[PDB]
Amino acid sequence: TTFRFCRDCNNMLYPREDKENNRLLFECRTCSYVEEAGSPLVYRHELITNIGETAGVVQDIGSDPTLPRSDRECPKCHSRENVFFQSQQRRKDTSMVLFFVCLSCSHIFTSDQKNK
Amino acid sequence: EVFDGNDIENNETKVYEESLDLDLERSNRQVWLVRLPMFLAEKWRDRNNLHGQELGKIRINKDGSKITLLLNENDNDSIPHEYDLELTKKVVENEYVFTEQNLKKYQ
Amino acid sequence: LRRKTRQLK
Amino acid sequence: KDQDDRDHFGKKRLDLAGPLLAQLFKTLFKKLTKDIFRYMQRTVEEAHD
Amino acid sequence: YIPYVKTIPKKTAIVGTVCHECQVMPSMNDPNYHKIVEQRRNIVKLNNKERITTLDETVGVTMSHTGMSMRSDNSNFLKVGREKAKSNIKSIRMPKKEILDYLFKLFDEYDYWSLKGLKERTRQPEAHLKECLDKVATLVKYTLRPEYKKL
Ligand SMILES: [Zn+2]
Ligand SMILES: [Zn+2]
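Residues numbered from 1 in each chain as written, not as in the entry; some residues may be left out. Chains lettered and ligands numbered in written order. Part of a larger assembly, values for the part shown. Heavy atoms only, no water.

Per the deposited record, the coordinates in this entry were obtained by cryo-EM to a resolution of 3.4 Å.

A few words now on the overall build of chain D. Within chain D, the regular secondary structure consists of one helix and zero strands. The principal-axis extent of the C-alpha atoms belonging to chain D is close to 65 × 25 × 10 Å. Residue burial in chain D is summarised as follows: out of 49 residues, 2% are buried. Accessible surface for chain D amounts to roughly 5,100 Å². Of this, 59% is attributable to carbon and sulfur atoms. Of the side-chain charges in chain D, 11 are positive and 9 negative, and the distance between the mean point of each set is 3 Å. (Helix = DSSP H or I, 4+ residues; strand = E, 2+ residues; numbered from the N terminus. Buried < 20%, exposed > 50% of the residue type's maximum accessible area, 1.4 Å probe, protein only. Areas by Shrake-Rupley, 256 points an atom, 1.4 Å probe, with all protein chains shown as cover. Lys, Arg positive; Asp, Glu negative; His and termini not counted. Charge placed at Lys NZ, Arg CZ, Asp CG, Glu CD.)

Looking now at the coordination of the zinc ion (ligand 1). When a metal carries six donors in an octahedron, the ideal angles between them are 90 or 180 degrees, while four donors in a tetrahedron ideally lie at 109.5 degrees. All names here are of chain A. Summarising the metal site, the zinc ion (ligand 1) is bound by the protein donors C6 (SG), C9 (SG), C28 (SG) and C31 (SG), whose distances to it range over 2.3 Å. Around the zinc ion (ligand 1), the four donor atoms are arranged such that angles at the metal cover 104 to 112 degrees; this shape is classified as tetrahedral. Counting residues between consecutive donors of the zinc ion (ligand 1) along the chain gives the motif C-x2-C-x18-C-x2-C. (Donors = N, O, S within 2.8 Å, 3.2 Å for Na, K, Ca; no water. Tetrahedral: all angles 85-135°; square planar, octahedral: opposite > 155°, others 65-115°.)

Quick look at the interface of chain E and chain B now. Contacts between the two partners involve 31 residues from chain E, matched on the other side by 51 residues from chain B. Approximately 4,400 Å² of surface area, both sides summed, lies buried where chain E meets chain B, with 56% of it carried by carbon and sulfur atoms. At the junction of chain E and chain B, the tally comes to two salt bridges. Taking the shortest distance from any N to any O, the salt bridge between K89(B) and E21(E) comes out at 3.8 Å. Elements with a contribution of two residues or more to the side of chain E that touches chain B: β1 (11-26) and α1 (36-45) of chain E. Among the elements that take part in the side of chain E that touches chain B, β1(E) stands out by supplying 16 residues, more than any other. Partitioned by chemical class, the residues of the side of chain E that touches chain B number 17 nonpolar, nine polar and five charged. Summarising the sheet, strand β1 (residues 30-35) of chain B and β1(E) pair through six bridges and their orientation is parallel. For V31(B), the partnering residue across the bridge sits in β1(E) and is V18(E). (Contact = heavy atoms within 4.5 Å. Buried area = accessible area lost by both parts, 1.4 Å probe. Salt bridge = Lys/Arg side-chain N within 4 Å of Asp/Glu carboxyl O. Nonpolar A, V, L, I, M, F, W, Y, C, P; charged D, E, K, R; others polar. Pairing = 2+ DSSP bridges.)

Attention now moves to the coordination of the zinc ion (ligand 2). Residues and elements named next belong to chain A. Of the protein atoms, only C74 (SG), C77 (SG), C102 (SG) and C105 (SG) coordinate the zinc ion (ligand 2), at distances of 2.3 Å. The coordination sphere of the zinc ion (ligand 2) comprises four donor atoms, whose angles at the metal cover 107 to 111 degrees; the geometry is tetrahedral. If you list the donors of the zinc ion (ligand 2) from N- to C-terminus, the spacing comes out as C-x2-C-x24-C-x2-C. Of this pair, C77 sits in the loop between β4 (69-70) and β5 (82-86) while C102 sits in strand β6 (residues 98-102); the two residues are 25 residues apart in sequence, bridging distant segments of the chain. Overall, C77 belongs to the partly exposed group, its relative accessible area being 28%.

Turning our eyes to something else, we now look at unusual backbone geometry. In the Ramachandran plot, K116(A) falls in the positive-phi region, its phi being about 60 degrees despite a non-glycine side chain. Relative to the helices and strands, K116(A) resides in the segment after β7 (108-110). A relative accessible area of 74% means that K116(A) is categorised as exposed. The phi dihedral of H34(E) is positive, around 60 degrees, even though this residue is not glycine. Looking at where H34(E) falls in the secondary structure, it is placed in the loop between β1 and α1.

Below, the structure is given as C-alpha cells:
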C-alpha cells in the first residue's frame, strides 16, 4: 500500500480528488498540506498472503543451534551448508514448503517444485 | 517564586529588575554532548571537584573520522589514560542547552 | 476546624 | 505468531515456603503498623500515657 | 481569552547548540585496561545486603524486656497525660463586690468573652462566677444583658 505520511506535522495523509485536474492528491486532515500521489493504488486487502514466510531471517541466523542443517545445493554460490525452516505463518492453510538460508551468501530459496 | 500571569497591569517593571527574555546571544556556540562511563562520570560530576584544573586533552586527526581523549596523570594510575571518543551522531539537530537561575525580586 | 490528628505519608 | 500457550511451564512459577511466608508476613506487618498508629492516635485524643 | 495563567518567571539563557553526540569508551590496548573489566565484574559480584543478625545470648535474658517484666519503662515519649495532668491549682471565691466589678471592666474590653478566657482572667471558681454571671450576663458565649449593655 506504501502508506504516506505528512511532511509538516508527520500526521497520516489521506487521498483526495481535485476536479480542477482530475488527478490524485494526498492531503493532511490537520495542517492543510498537499502532495501529489505517485501511484494509483490506495487500498490493498490480501485474503491469501505470502508475506511473513521468511520472517525472522537475520545476519546471524546460522548461529542458532536448534535450527536443523541440510546438504542441499544453494543455486547462487554452489554451497552445501545451510539451515532450513518451514513457513512462519500460523494459519492452518499453508503448505509444508521449506525455506533454506545459505550460511555463505544469506540467499533464501525454496524447495517448492509446484509454483516456486 | 510564584508570580502573576498575563500581567496586563505591567507589574514586572518594578517586581523584577532584569529582563525576562532568555538571552539569545550565546546560542551560537558549539557543544559536544558526551555520555561518560560509570567510573569516569562518578568523579567528573562531583561538585567537590571541578576547580578549573586541566583534566586532559582531546586529539583530532587532521583528516577526521577518529577522535581520542587523553587524560592527565592525576588519575593515580587506576583508570585508563586513553579513550576513543566515538561519534554516535556526526550531525546533531534540534538539541540546545539553556541555563536557569532566579531573578532579582527588589525594584 | 480540623480533626486535630492526621498522618503524613 | 502463535497464541501464547498457557500450559508452558516456562511461564509458570512455584511459590515455596519463602515467598508464601513473605506475602503472609507483609499482610500481618501491615496490620501491625495500622494498629500502632491507632494506639498513637487514641492516646493523643483520649489523653492517656 | 483567560485573564490569569499564573506563570513563574525565571532567568534563562541559551549557552550553546549541540553539534556532536559522543560515547567515551576506554581503549582496549591501554595499559590500565583490564582493570575496568574487573571493576565492572565487581559490580555484579558485590553483595551490599547483609544477613539478619542472630542473638547468641541466653533466651531467658533476651526475653527479660518483653511482656510483664519487673523493669519499669523510663521513656518520656508521647506522655500527653503527664504533660497537662501535672498542672493543677485551686482557687477560692472572692467577695462579690470586687469580682463583680472585675467582670464589668472585662466586658468593656471585649463584648464576647468565652468561659475559659473568663476563668483564666478571673482565676476564681466557676461556682461563684456562675451566680454573678447569670445576674449580669446571658448566654446565646456569654454576653452582658441589654439592661447594662445598652448604656
Ligand atoms: Zn500535516
Ligand atoms: Zn549460497
